[PDB]
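Here the structure is laid out as structure tokens; the discussion comes afterwards.
Nothing in this text is a laboratory measurement; each read-out follows from the coordinates by a stated rule. FYI the Cβ positions are ideal-geometry reconstructions off the backbone, even for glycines, and counts take in every protein chain you see.
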Amino acid sequence: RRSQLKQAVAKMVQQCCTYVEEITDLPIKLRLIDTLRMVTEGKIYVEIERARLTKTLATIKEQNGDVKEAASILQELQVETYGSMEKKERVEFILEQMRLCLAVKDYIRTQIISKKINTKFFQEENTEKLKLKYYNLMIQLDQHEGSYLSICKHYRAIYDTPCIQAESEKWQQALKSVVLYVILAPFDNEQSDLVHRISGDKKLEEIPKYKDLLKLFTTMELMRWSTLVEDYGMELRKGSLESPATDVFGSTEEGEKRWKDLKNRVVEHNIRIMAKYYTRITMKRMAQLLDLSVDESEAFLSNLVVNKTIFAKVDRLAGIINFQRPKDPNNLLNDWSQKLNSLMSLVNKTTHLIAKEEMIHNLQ
Amino acid sequence: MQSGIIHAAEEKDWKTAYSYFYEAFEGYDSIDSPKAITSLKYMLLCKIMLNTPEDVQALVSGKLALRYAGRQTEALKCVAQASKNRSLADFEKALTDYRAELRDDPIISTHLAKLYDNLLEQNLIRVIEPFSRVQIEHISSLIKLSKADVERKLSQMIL
Amino acid sequence: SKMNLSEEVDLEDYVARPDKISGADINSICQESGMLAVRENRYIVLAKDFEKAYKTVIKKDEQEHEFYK
């Protein structure tokens, strides 16, 4: 077994490579089937799966795409996730069938097998294109469900090797899609610091419109939507970074759904801010500030309050919403004691200032 | 199977009946599909009755269930969807969709009423929870039902 | 359940035999067949492995002196 089969089978496989480019499918299928019987033996490990990959390609191309032939490759990946004594080629191996699974439309199996090389990062140290291929797939995967934060993690991971940002012509949308997708996410601490981190960047200045969007979504009171769409709905087709913008506009279902999501985001921002400031508020003032019917306001805040997101207790009979009115008979003098402590400390601190300042004038 | 059926007949327990049904499925395991399918349907409905719909969704997700394919599992899964969404319209819709089997088993008709009442109470608590004092007409419209029965249910609940 | 154990191996051929082995011999049977497969550098266990392993573990000659019967 000192190459006594490796040399034989390798020679036969290179023969197969020479014939297959000229031979017809009828004989080449028989040749591959015959050569596959020594795959099960192990001991060779490599050189058995390459025949399998070539077979898969052949049986896809003869039909120019098939799903069963995709199923012909699912089994052995984890089998030879450890067969080959090499890092890169197995990574390529076990990510290539991912696109086959996508063509078959099997998200669950795809994401199950995707867990394999998450920790085997830094696979790009000599081939950035492979890392780019890896990241180009999850953007497609999560684009199906509603997760709108992991895709930002991916795009912020396209902040890699400066073979990415030394090509501004696409680098523009590379750093534009991240700031557009961060906004879609619902408010949370992770988003709260993600908007902060993505902001405060020097070269981010190079685009004023998206800088303005981030600035608007970081501050307090927001807009009535109408004015914002009139002031930003047209920049989504001019320039050299509108391809993700096209993705937000082009596809009818995708564009419609994402309009709906931005709408919900802004009205939710209005709700949080006014609850932060106001205490008690009428029906009609709410309906007037949200530019929508009273019934829609109620229906919209209903799933908010049942989600344990906003602490509100609407009383329909007189229509007085009552944010932030829990009340307690033991908290009161907790607050009282706190104020007392602060006052004592402050009176303490004033005297040190008094003394050191009188020192520089009346020593003599 | 017969022991589980008798056990659930007089409505004393569900954990033990589910246990019996699972081990009976292991009895029909890999040797008789025609009875395995009805075993799975009994398993799923019993697990629903314990107010554990996510348990059903995870359980039918298992590879053994993946092997035992079928179409009744769609009915049970949609019923679980309705239960974890807390909707009476959803459950009524699922009943209309798969009336061919749901109102076909003699045993199901007995427990349908109780599961309906439990779902009704859960849906009502969700609809009326988000706020305080309210006119009864709005909640009556929201639940899509007449008046008198609604406040009678409210009285029985508060009592 | 832990071994790849091929696909075509049959177990009913071994449970039906009579030999009243203990419970700590089943483990040694499976372990020995696995090692037998490892020896020849094949990483999937086949039926011949089980056969030779079973014969290796049991070792009962005849003890069935016949003319008494």
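Within the stretch B:125-138, being closer than 19 Å to A:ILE320 by Cβ, of a type outside the set (D, E, K, R) and at the interface with chain A (Cβ under 10 Å from one of its Cβ atoms) holds for B:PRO130, B:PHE131, B:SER132, B:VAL134, B:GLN135, B:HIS138. If I ask for residues that are more than 14 Å from chain B (Cβ to nearest Cβ) and touching a residue at least 12 places away in the same chain (Cβ under 8 Å), which ones from the stretch A:294-353 would you list? Across the stretch A:294-353, the qualifying residue is only A:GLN324. Beta carbons closer than 8 Å, at least 6 apart along the sequence or on distinct chains, pair a first residue in the stretch C:40-59 that is more than 14 Å from every other protein chain (Cβ to nearest Cβ) and without any contact (Cβ under 8 Å) to a residue 40 or more places away in the chain with a second that is assigned to a loop (DSSP other than H, G, I, E, B) and among the β-branched types (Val, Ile, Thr) for C:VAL57/C:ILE21; C:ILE58/C:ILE21. Within the stretch B:23-76, the residues that satisfy the criterion of being without any contact (Cβ under 8 Å) to a residue 12 or more places away in the chain and of a type in the set (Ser, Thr, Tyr) are B:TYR28, B:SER30, B:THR38, B:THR52, B:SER61. Of the numbered criteria (1) part of a loop (DSSP other than H, G, I, E, B); (2) within 14 Å of chain A (Cβ to nearest Cβ); (3) β-branched (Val, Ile, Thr), the one C:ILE21 fails is (2). Note on the stretch B:91-109: among residues that are free of Cβ contacts under 8 Å to residues at least 12 places away in the same chain and assigned to a helix (DSSP H, G or I), the one that is surrounded by the most Cβ atoms within 10 Å (Cβ to Cβ) is B:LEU95.
How about the stretch B:127-149: which of its residues are surrounded by 14 or more Cβ atoms within 10 Å (Cβ to Cβ) and touching a residue at least 24 places away in the same chain (Cβ under 8 Å)? Once the filter is applied, which keeps residues that are surrounded by 14 or more Cβ atoms within 10 Å (Cβ to Cβ) and touching a residue at least 24 places away in the same chain (Cβ under 8 Å), the stretch B:127-149 yields only B:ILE143.
Note on the stretch A:49-71: residues that are over 31 Å from the mean Cα position of the chain (by Cα), in a loop (DSSP other than H, G, I, E, B) and without any contact (Cβ under 8 Å) to a residue 24 or more places away in the chain total 2. Is the stretch A:96-114 home to any residue that is within 20 Å of the chain's Cα centre (by Cα), of a type in the set (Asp, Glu) and surrounded by 13 or more Cβ atoms within 10 Å (Cβ to Cβ)? For the stretch A:96-114, residues within 20 Å of the chain's Cα centre (by Cα), of a type in the set (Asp, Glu) and surrounded by 13 or more Cβ atoms within 10 Å (Cβ to Cβ): present.
For the residues A:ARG1, A:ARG31, the requirement of being touching a residue at least 40 places away in the same chain (Cβ under 8 Å) and farther than 30 Å from A:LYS116 by Cα singles out A:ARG1. Screening the stretch A:105-157 for helices (runs of 4 or more DSSP H) wholly inside it with 1 or more residues that are touching a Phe, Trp or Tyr at 6+ places or on another chain (Cβ under 9 Å), β-branched (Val, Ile, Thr) and within 25 Å of A:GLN78 (Cβ to Cβ) returns the ranges A:128-142.
Filtered by the rule that a residue be in a helix (DSSP H, G or I) and within 23 Å of A:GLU92 (Cβ to Cβ), the stretch A:158-180 gives no residues. Of all the criteria given as (1) surrounded by 13 or more Cβ atoms within 10 Å (Cβ to Cβ); (2) over 26 Å from A:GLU86 (Cβ atoms), the one not satisfied by A:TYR135 is (2).
In a residue-by-residue description of the stretch A:220-233, the property of being charged (D, E, K, R) and in contact (Cβ under 8 Å) with a residue 60 or more places away in the chain applies to at least one position. Answer with yes or no whether A:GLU235 is in contact with a helix residue (DSSP H, G or I) (Cβ under 6 Å, 6 or more places away or on another chain), acidic (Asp, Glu) and surrounded by 12 or more Cβ atoms within 10 Å (Cβ to Cβ). Yes. B:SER141 falls short on exactly one of the conditions (1) part of a helix (DSSP H, G or I); (2) more than 14 Å from every other protein chain (Cβ to nearest Cβ), and that condition is (2).
Output the residues belonging to the stretch A:158-170 that are closer than 16 Å to A:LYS131 by Cα and out of contact with any helix residue (DSSP H, G or I) (no Cβ under 6 Å at 6 or more places or on another chain). Those that are closer than 16 Å to A:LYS131 by Cα and out of contact with any helix residue (DSSP H, G or I) (no Cβ under 6 Å at 6 or more places or on another chain): A:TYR159, A:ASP160, A:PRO162, A:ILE164. Per the conditions (1) within 14 Å of chain A (Cβ to nearest Cβ); (2) not in a loop (DSSP other than H, G, I, E, B), the sole criterion not satisfied by C:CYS30 is (1).
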